[PDB]
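Here is the structure we will look at.
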Protein chains: 4
Amino acid sequence: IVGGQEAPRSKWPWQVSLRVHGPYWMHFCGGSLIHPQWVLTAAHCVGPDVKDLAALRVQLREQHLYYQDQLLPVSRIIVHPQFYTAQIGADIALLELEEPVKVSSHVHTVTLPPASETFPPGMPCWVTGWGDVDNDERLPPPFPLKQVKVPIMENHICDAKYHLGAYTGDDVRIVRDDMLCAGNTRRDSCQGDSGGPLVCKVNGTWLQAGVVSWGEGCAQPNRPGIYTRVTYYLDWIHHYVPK
Amino acid sequence: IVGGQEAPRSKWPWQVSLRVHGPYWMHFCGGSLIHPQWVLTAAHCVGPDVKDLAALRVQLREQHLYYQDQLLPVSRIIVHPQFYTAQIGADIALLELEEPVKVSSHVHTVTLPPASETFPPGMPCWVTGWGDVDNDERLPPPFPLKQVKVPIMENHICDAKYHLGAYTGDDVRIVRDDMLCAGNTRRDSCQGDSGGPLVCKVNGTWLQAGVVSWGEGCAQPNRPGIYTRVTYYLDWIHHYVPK
Amino acid sequence: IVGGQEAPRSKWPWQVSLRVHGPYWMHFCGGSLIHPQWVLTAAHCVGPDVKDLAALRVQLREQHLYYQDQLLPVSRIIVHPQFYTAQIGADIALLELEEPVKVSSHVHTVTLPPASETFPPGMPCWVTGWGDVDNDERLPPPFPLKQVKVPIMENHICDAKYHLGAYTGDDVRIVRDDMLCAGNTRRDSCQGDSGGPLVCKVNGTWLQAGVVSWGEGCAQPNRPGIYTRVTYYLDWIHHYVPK
Amino acid sequence: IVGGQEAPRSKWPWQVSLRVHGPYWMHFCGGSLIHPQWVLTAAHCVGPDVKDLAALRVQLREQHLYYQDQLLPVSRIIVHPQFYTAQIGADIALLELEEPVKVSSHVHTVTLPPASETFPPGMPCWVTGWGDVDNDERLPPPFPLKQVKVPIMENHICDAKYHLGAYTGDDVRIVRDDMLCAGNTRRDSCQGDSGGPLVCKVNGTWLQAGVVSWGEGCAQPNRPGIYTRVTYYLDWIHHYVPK
Ligand SMILES: *[C@](=O)([C]([C][C][C]1[C][C][N][C]1)[N]C(=O)O[C][C]=[C])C1=NOC([C]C2=[C][C]=C(C(=O)[N][C]3[C]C4=[C][C]=[C][C]=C4[C]3)[C]=[C]2)=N1
Ligand SMILES: *[C@](=O)([C]([C][C][C]1[C][C][N][C]1)[N]C(=O)O[C][C]=[C])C1=NOC([C]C2=[C][C]=C(C(=O)[N][C]3[C]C4=[C][C]=[C][C]=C4[C]3)[C]=[C]2)=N1
Ligand SMILES: *[C@](=O)([C]([C][C][C]1[C][C][N][C]1)[N]C(=O)O[C][C]=[C])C1=NOC([C]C2=[C][C]=C(C(=O)[N][C]3[C]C4=[C][C]=[C][C]=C4[C]3)[C]=[C]2)=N1
Ligand SMILES: *[C@](=O)([C]([C][C][C]1[C][C][N][C]1)[N]C(=O)O[C][C]=[C])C1=NOC([C]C2=[C][C]=C(C(=O)[N][C]3[C]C4=[C][C]=[C][C]=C4[C]3)[C]=[C]2)=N1
């Protein structure tokens, strides 16, 4: 997370940390609890190649990473089949936990938007996570969960920005239709936030508009953050995740 | 190059080394001379973002890197407008030297193939460069130009193998048509060879069939190397390079 | 600490951590509270060259590094005038706090030994700290305080071992008189523990026998840990720390 | 070498390069040819712990390291018995080649100074090597052999310099009698030059006055290069090396 700051402990009850087995269960990606037994994340965080579930764990809402670890095993990794790379698209995945979690004020699901929802450009949204606080710049210990207010941006406008200073032809799609974008040169998500959530308060309730996907660096000029548009894959998600 | 030997002084007279400015003019990609004023290379070596031409130079064939440097300035960098990432495709580009080079037995251009050339399996080809000699293993000083004979396989054979051990649907094409496939777990090109040539001997003449592009690691099981299919972009090349 | 276990919250009330300014107040060495206003540590941790005091801070006993920081500023760095390198000797130093500390059962001083105490082999001694759990292997987060019981051996026994597999002449002392040795190939202190305490229970009381100094690697064969012998420097310590 | 330049092909015909086995025979220290079959160097380059000879080699005068390599095996490694660390002293050693090298105008021995010889402070001397061109920054490829003119300085005046900005007491020796110093904030030897020679032209003839040993950083303020004084160990060398 670039810009923004440490999050109050009562905020973002659905944020989660993905841990991979090594000298210690290390955080490699963010995620979100969208259902007592399901975690929404970014496909590249766990794909394209097949993974060994034995080496993966999910950590629910934690104020400071690693301090009060309570690792939860995963039973299934469902990576969207159209995924191969973040730039191409369909960068979204599902993690089924072996046991549902006992929700509470402190830890509970976030809500998916309805297939109609669109989130207008210049709409206040928040992205959260434990990622780098800047290009090649780790979040130092005690590893607090961070948050930043980032403005949504019209799909075509981000595509347009990504063509500036680039040899890529203007009519060649870079930011694709299954993507969403937010951020500026001051506020943005970075490495370590991947698979994390982008949420916006709509009519007084929180909806996940996106999943932290990719981008050319973090908060770079004319290089806004690119996210996997959630509304776009709701049908795929609901094929596994009960309504 | 993985699984090769040091190349003799009389071979690959068209090989070139691209140099980036820094504490010293470091080698970051390969290339090939297709004309006294033009060099063929990979688009991901110089793009998708526009670079400062000043920080780039070209070194013509050397037996060992940095020892007999005679760096040459570049006046133009032309990247195929279709390019953005190597996996997507169109990983091809051109460089125009500020002056034409005097050709000879030790350094002359390579012949481009006719639009109808296929390069089918069985037919032996070679790939050259100064890249790593294995995953994460840099070429050791004095940095000799290496060569290796690589087996060519049909595009659909490689595509099917890139799906083995992957979540990507067998239906989603990975190895695209503007691409060419070669190598195995003992012979392959690695990081540092990108942009360099892949040549096959046809009717006694040497033809550049590909441009070192990408792959999942080097010489890895079920992940043969992927090269930009040169015949697919001939028309584009001729919009800049004389026939 | 090498080959230990995580330490209980009620043990080692004198153990402290030294922090140096940077992206965050990072732990670089260990120490011990010997007086409400004084901290004992290794001279190599803060010298031989004079440092900017403002850039230094001291953290009192903590169960997990960085979790609950309450950094305390330092007004004076006092390094034994005889120190230059640890192998040579006099690897001892004093830190005076700008303010005295309020002691309790969780945070109190350690008892220094009487000038005549020896600590012969077969004595119960422990060494604590936040250092590496092995050679080039950092203590993984949440960074718990570790402890390990180390076997103490006579100086001449360690001096002879350091000579095995070495070109240094036998009559050329390596482990010097103002030094003490402990540990084996399974129990030792490592990088990061430097300056911390080595305590031994003697007749119901805990006494600081030495200060973690140096060694060739950690827990390496014939290379036991070497500590500055505290009894050797009582007179010096007392020219600053009131009796 | 800091603040110097590439050496003319016909200077320092005695400079040598020490190679250690690994992915390739990498340079780790310098040395000098003092007899057709003996190489003078620093003990900290090959000790204090015993090394395996099969892993060591010797490369003679080379304009560019690694280019025209012709490694020579070493029959024996003689490390002064009083050596343990560079700061303590006796940082000198001898390498006995398996064969006598055939001297020539381009490759011959340097001369040892007479026991009574005293290089006056201010003496115009030269230090050669392939070490870093500055603190933490390697010598770029093609790795030319550098040289720099460094002024010798009085042993006492250096000891004093090293106490400035240091807690070490004034009457406590840092720069000892078996050492000598040279260089300033613009001219000095650096990591990789260790074991190399420090020659001075005396009465029309080159004498090796020092062996690159140690120092705090390279070219740092009030931290001149410290070298093992050769004259001091003439008797020890002649005990092995003929006349
Ligand atoms: C992401 O955090 C970044 C975010 C970039 C910002 C988003 C908006 N502004 C910029 N995305 C990124 O780097 O995308 C690259 C796409 C081309 C991120 N951090 O790290 C990654 C890549 C990554 C690193 C490591 C892993 C991993 O270790 N996964 C484990 C390995 C494993 C072994 C056994 C069992 C399970 C697993 C999963 C995965 C991805 N992206
Ligand atoms: C390529 O060598 C690899 C080859 C992989 C093998 C092929 C067959 N088996 C595997 N490909 C690769 O890494 O692909 C990545 C995905 C597309 C290679 N090595 O490094 C790259 C990437 C790269 C590294 C460095 C630069 C660079 O520094 N370019 C300079 C920057 C600059 C500034 C000013 C002026 C000019 C320049 C060019 C570019 C690309 N690919
Ligand atoms: C010590 O932990 C090791 C312990 C080794 C074991 C003991 C028994 N078995 C082996 N000792 C060591 O490495 O000694 C080396 C010399 C002989 C240790 N870890 O790191 C050190 C050295 C060291 C590293 C870093 C600093 C430092 O950064 N100090 C800061 C700089 C600064 C600037 C401004 C204000 C204050 C400061 C302090 C210091 C020492 N020893
Ligand atoms: C020396 O180049 C530096 C020079 C510093 C300058 C001198 C005047 N201004 C500063 N000295 C140094 O760092 O001293 C530190 C002492 C306290 C140098 N560079 O690196 C070293 C240390 C060193 C590194 C590596 C080796 C080595 O690899 N030796 C091999 C290991 C081996 C295995 C099998 C068979 C043979 C060998 C030899 C040795 C020393 N000093």
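Here is how names work: the chains are called A, B, and so on, in the same order as the sequence lines, proteins then strands, and each is numbered from 1. Counting starts at 1 for both ligands and their atoms, following the listed order.
Using a 4.0 Å threshold on non-hydrogen atoms, atom 20 (O) of ligand 3 does not count as touching the protein. At least one protein heavy atom sits closer than 4.0 Å to atom 1 (C) of ligand 1. Proximity of atom 12 (C) of ligand 3 to the protein is indicated by at least one non-hydrogen atom lying closer than 4.0 angstrom.
In the vicinity of A/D188, heavy-atom distances shorter than 4.0 Å reach the ligand 1 atoms 8 (C), 9 (N). The A/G217 neighbourhood of ligand 1 comprises atoms 10 (C), with distances under 4.0 Å to a heavy atom of that residue. Near A/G225, meaning under 4.0 Å from one of its heavy atoms, ligand 1 places the atoms 8 (C), 9 (N). Close approach to B/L56 involves these atoms of ligand 2, each under 4.0 Å from a residue heavy atom: 35 (C), 36 (C).
The protein heavy-atom contact nearest to atom 41 (N) of ligand 1 is A/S194 OG, 2.9 Å.
Selection from B/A182, B/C45, B/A219 by nearest heavy atom to atom 39 (C) of ligand 2 gives B/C45. Which of B/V20, B/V50, B/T41, B/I226 comes nearest to atom 32 (C) of ligand 2 through a heavy atom is settled by distance: it is B/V20. The heavy atom nearest to atom 31 (C) of ligand 1, out of those in A/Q220, A/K51, A/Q191, is found in A/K51. In this comparison of B/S189, B/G215, B/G210, B/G195, the heavy atom closest to atom 6 (C) of ligand 2 sits on B/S189.
For B/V46, the heavy-atom gap to ligand 2 stays at 4.0 angstrom or more. Residue contacts with ligand 3 include C/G192, since one of its heavy atoms falls under 4.0 Å from the ligand.
Proximity of A/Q87 to ligand 1, defined as any heavy-atom pair under 4.0 Å, is confined to the side chain (atoms from C-beta onward).
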